[PDB]
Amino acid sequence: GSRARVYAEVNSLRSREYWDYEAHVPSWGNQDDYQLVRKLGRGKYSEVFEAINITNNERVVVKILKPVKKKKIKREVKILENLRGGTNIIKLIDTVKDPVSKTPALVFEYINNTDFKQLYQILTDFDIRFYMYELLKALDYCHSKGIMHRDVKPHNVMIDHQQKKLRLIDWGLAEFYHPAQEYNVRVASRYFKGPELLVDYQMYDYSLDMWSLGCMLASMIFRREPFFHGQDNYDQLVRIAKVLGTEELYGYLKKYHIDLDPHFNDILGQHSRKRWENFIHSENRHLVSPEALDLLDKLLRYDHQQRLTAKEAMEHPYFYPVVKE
């Protein structure tokens, strides 16, 4: 049907215990060592707090897990253990529980994050290349470890713009890649969902994350954030098709024998593929180069199998100034 071009056998070549997260038994330390200081965010499965470890004064972030399947908890914990030491992946310091209620929580290194909405309107050309390269290091690492993140978006990419530190966070949707496995398409954020998800194609792979990264790159170089701003999941595909083209969508569907929900017939319209140069204007032109556009064109493609891998993207000339520095 479809297979990843890279890392397709990673998990099968490793011990079963590497990927069989349902069999993983975490060691749960004592949350009483941590003092919560301030709320940093909430999702439907967790709430996140800045905290201090009272035994050593370390500032950390505590993610308290709430209406969370025990299976989903094991999945996230095992994935984070497997990613230990990976470049630009958030460091899991410990897995802890309230010793009375037994509610589990994850303790992460602290990052002093710069608000992305303001940041993405003031990045320089070099900054964009630099941070995209840093994020690619994280994705190549997790892909090489047999793991798809499945929720790449600005809110999950912490950037300390003072120290030039980037971390990919929130591995709660991440999954192990096994060839031919059919996955749930209800992953990622609307604006960052790949076309495969929007057309209900379940045999996807690491390349989903490369679509999401391409969406981020487009928003940075063009300053339209989010770049593809759908009103719902149906409109999200329409917004993509208005740029990539409708005939081109149909060729992708045909290649993979994908059935299209007939509600799309009355909303997709007919759209030519647009040149990426159409998005250049006086305020973003200093961020756009031929290299940037060539890279973007090779990421924001319908055909997931023909998108650049994270490594291929890192090798692209767009990043040569970063490597040289």
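Take the two forms, find the largest set of C-alpha atoms that superpose within 1.5 Å, and that set is the rigid core. Numbering starts at 1 and follows the sequence shown.
- Rigid core superposition in 9 other deposited structures of this protein puts the Cα atoms of one stretch, out of 40 to 48 and 294 to 302, farther from the shown form on average, and that stretch is 40 to 48.
- Between stretches 60 to 68 and 252 to 260, greater average Cα displacement in 9 other deposited structures of this protein relative to the shown form, fitted by the core, falls on 60 to 68.
- Stretches 197 to 205 and 160 to 168 differ in mean CA B factor, with 160 to 168 having the higher one.
- Legend: mean Cα B-factor per stretch from the PDB entry, 106 to 114 versus 133 to 141; the higher mean is in 106 to 114.
- The residue among 34, 279, 49, 264 whose C-alpha atom has the highest B-factor in the PDB entry is 264.
- The deposited CA B-factor of residue 298 belongs to the lowest third of values across its chain.
- Among the modelled residues of the chain, residue 61 sits in the middle third by CA temperature factor in this PDB entry.
- Among the modelled residues of the chain, residue 183 sits in the middle third by CA temperature factor in this PDB entry.
- Per-chain ranking of the deposited C-alpha B factor places residue 85 in the highest third.
- The entry lists a Cα temperature factor for residue 221 that places it in the lowest third of the chain's modelled residues.
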